[PDB]
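J.: Got a structure for you, questions after.
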Amino acid sequence: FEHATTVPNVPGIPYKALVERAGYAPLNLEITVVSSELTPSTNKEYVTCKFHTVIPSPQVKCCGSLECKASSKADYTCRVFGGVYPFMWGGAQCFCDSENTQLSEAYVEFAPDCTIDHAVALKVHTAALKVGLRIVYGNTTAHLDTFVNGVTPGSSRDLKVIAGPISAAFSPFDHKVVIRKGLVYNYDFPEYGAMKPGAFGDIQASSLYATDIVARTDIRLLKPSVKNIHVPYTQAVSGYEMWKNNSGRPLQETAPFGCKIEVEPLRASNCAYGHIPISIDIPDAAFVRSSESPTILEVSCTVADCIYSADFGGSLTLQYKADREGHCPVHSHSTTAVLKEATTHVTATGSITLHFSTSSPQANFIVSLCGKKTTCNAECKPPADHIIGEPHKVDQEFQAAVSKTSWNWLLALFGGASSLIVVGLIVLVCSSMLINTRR
Amino acid sequence: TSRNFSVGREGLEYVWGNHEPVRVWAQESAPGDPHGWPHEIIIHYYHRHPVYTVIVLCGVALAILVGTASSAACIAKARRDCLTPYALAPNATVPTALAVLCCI
């Protein structure tokens, strides 16, 4: 019916479990994390890029004065100068010798090539986890996606899978993130409406085509000096360019746990951390009555050789006897040894070779062939290959991580160190009562 | 040139040029036999978990020493308080059976 399990969150390594009911033949269970996604809820703050200053044509009045006006353009700046007497190709352009007033303006706008080279500032909330499993039971295979929250019944057809809450909540993104051309950076951008010149976000707008651009780039207008018409000015360096030069390295290369950052929507894929408490409701159709399944009269296991390598660096064989033929499941009732095969044909008497893997220097686990638990023991040597290109299939234990001989040595030493004290104690007490009874 | 990277049991991934990333996990191929004589045992488990091996070895050494000392003190105390009460008392003779059973 219902089975509770705890599959490690590693994308690709299978997990084998054995579920059974009284009067029903045991059924193999296979759980795999095919792919995982970590999609956090995002809110767009503004859009920034490299500004392009616009200097409109100057306005001058021959004999008069001009008053600076107020405009809604970003970083608008206006100045008025008292005596200019400007020149162009053709000579002087006004008759007053010193009553010439010139008006200068300068605002900023989005560069024409900002539709491709532009960054987006985002704020990210709590991250949610969604995975796609490949549950296998009996002779059937199922694929499904579910949300790891503990309440969502993500089920393909009738699997009724309920993935419990993740053991540890982890999120590679800090509160504020910046996206640019598919590269995700962890940056602390200034909040909307508070722009510091010469830094990131010196110009911002709700959208690239928004008409309410706001910016603060520290535009300064200067007094003209040359005779011909001019609008001298000086400005801070483009903060977007500065940030691009000092970007650092992206989350695609900084994020931990082997996460693969990808965008549209922003998410982290195939992260490896923690455990998932799944719960499966297997339909009764898959289960088969124990009477129909063949029974094993006896079974003895012998193991050829073993190395506790990450891959399936182990071998095993067993003799068996049965009164029928069919398919039986094989399972290893240990947390430090995983078989490769789930089921295997059986024909009366014979022998089957099964490959396994372990991370302990002892193949001292229990193997069952549709029941009939059997004990194996071997002499597991360390592996030769220093480096392999495949993740470890079993988490390293401790109680099993120590060799039998070392366990024996430590046990004998501690036993002697605990026995001599007690024997001294008892002889002391017997002599003490002897002395008390002396008089 | 050449570069040295330390890869643990969790894994290491490196990207070189415009190549696809590749991943490598470290195995526990420490030198020496984790199954033979005690010195080989020690060197193997040291190369695997150095701090843990040092801790457990200090623990076992302290355990044997403090406790051999305890047994020695206990037997010495028993010896003295057993020969004092009347055997040390003069003008008396102590039988061989009740003397040499713990004497010397």
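Numbering, chain A: per Swiss-Prot, residues 798-1236 in sequence.
Technique stated in the header: electron microscopy, 3.3 Å.
Heads up, the Cβ atoms here are built off N, Cα and C, so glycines get one too.
From Swiss-Prot, for reference:
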DISULFID  A:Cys846-A:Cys911  disulfide bond
DISULFID  A:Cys859-A:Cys891  disulfide bond
DISULFID  A:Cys860-A:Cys893  disulfide bond
DISULFID  A:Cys865-A:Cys875  disulfide bond
DISULFID  A:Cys1056-A:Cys1068  disulfide bond
DISULFID  A:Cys1098-A:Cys1173  disulfide bond
DISULFID  A:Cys1103-A:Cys1177  disulfide bond
DISULFID  A:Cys1125-A:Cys1167  disulfide bond
CARBOHYD  A:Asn936  N-linked glycosylation site
CARBOHYD  A:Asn1042  N-linked glycosylation site
CARBOHYD  A:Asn1067  N-linked glycosylation site
REGION    A:881-898  region 'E1 fusion peptide loop'
TOPO_DOM  A:1227-1236  topological domain 'Cytoplasmic'
TRANSMEM  A:1206-1226  transmembrane segment
J.: Which of the recorded positions A:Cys859, A:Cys893, A:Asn1042, A:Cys1056, A:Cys1177 has its Cα closest in space to the Cα of A:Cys865 (disulfide bond)?
T.: A:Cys859
J.: Filter the recorded positions A:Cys859, A:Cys875, A:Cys891, A:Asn1067 down to the ones within 10 angstroms of A:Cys1056 (disulfide bond), Cα to Cα, kept in sequence order.
T.: A:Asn1067
J.: With H, G and I counted as helix, E and B as strand and the rest as coil, say where DSSP puts A:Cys1173 (disulfide bond).
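T.: Where A:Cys1173 (disulfide bond) sits, the three-state DSSP reduction gives coil.
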J.: Just to be sure I understand, if DSSP states are collapsed into helix, strand and coil, how many residues of the topological domain 'Cytoplasmic' (A:1227-1236) fall in each?
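T.: Going by DSSP assignments, the topological domain 'Cytoplasmic' (A:1227-1236) contains 9 helix, 0 strand, 1 coil.
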J.: Using DSSP and collapsing to three states, where does A:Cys893 (disulfide bond) fall: helix, strand or coil?
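T.: For A:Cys893 (disulfide bond) - judged by DSSP and reduced to three states - the answer is coil.
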J.: Taking Cα atoms as reference points, rank the recorded positions A:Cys859, A:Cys875, A:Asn936, A:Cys1173, A:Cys1177 by distance from A:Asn1067 (N-linked glycosylation site) and give the first.
T.: A:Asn936
J.: So if the criterion is CB under 8 Å to a CB of chain B, which of the recorded positions A:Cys865, A:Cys891, A:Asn936, A:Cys1056 qualify?
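T.: Near chain B, no listed recorded positions qualify.
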J.: How many neighbouring Cβ atoms, not counting its own, are there within 10 Å of the Cβ of A:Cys1103 (disulfide bond)?
T.: 24
J.: Spatially, and counting Cα to Cα, which of the disulfide-bonded residues is closest to A:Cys911 (disulfide bond)? Options: A:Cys875, A:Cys893, A:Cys1098, A:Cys1173, A:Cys1177.
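T.: Closest by Cα distance to A:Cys911 (disulfide bond) among the disulfide-bonded residues A:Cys875, A:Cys893, A:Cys1098, A:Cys1173, A:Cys1177: A:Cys875.
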J.: Return the residues near A:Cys846 (disulfide bond) by Cβ distance under 8 Å, restricted to its own chain and a separation of at least 6 in sequence.
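T.: The answer is A:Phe907, A:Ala908, A:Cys911, A:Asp914, A:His915, A:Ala916, A:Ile1000, A:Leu1005, A:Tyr1037.
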J.: Taking the Cβ of A:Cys893 (disulfide bond) as the centre, how many other Cβ atoms fall within a 10 Å radius?
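T.: A:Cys893 (disulfide bond): 14 neighbouring Cβ atoms within 10 Å.
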J.: If you count Cβ atoms within 10 Å of each one, which of the disulfide-bonded residues A:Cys860, A:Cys865, A:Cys891, A:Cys1125, A:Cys1173 comes out on top?
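T.: Result of the Cβ crowding comparison: A:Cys1125.
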J.: Other Cβ atoms within 10 Å is the metric here; tell me which of the disulfide-bonded residues A:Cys1056, A:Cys1068, A:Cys1098, A:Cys1167 scores highest.
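T.: It comes out as A:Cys1167.
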J.: Taking the Cβ of each of the disulfide-bonded residues and counting other Cβ atoms inside 10 Å, which one has the highest number: A:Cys859, A:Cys875?
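T.: Compared across A:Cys859, A:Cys875, the most Cβ atoms within 10 Å surround A:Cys875.
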J.: Can you tell which of the recorded positions A:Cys859, A:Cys891, A:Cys893, A:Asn936, A:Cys1068 lies nearest to A:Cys1173 (disulfide bond) in space, using Cα positions?
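T.: Checked the recorded positions A:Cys859, A:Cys891, A:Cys893, A:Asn936, A:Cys1068; minimum Cα distance to A:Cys1173 (disulfide bond) goes to A:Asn936.
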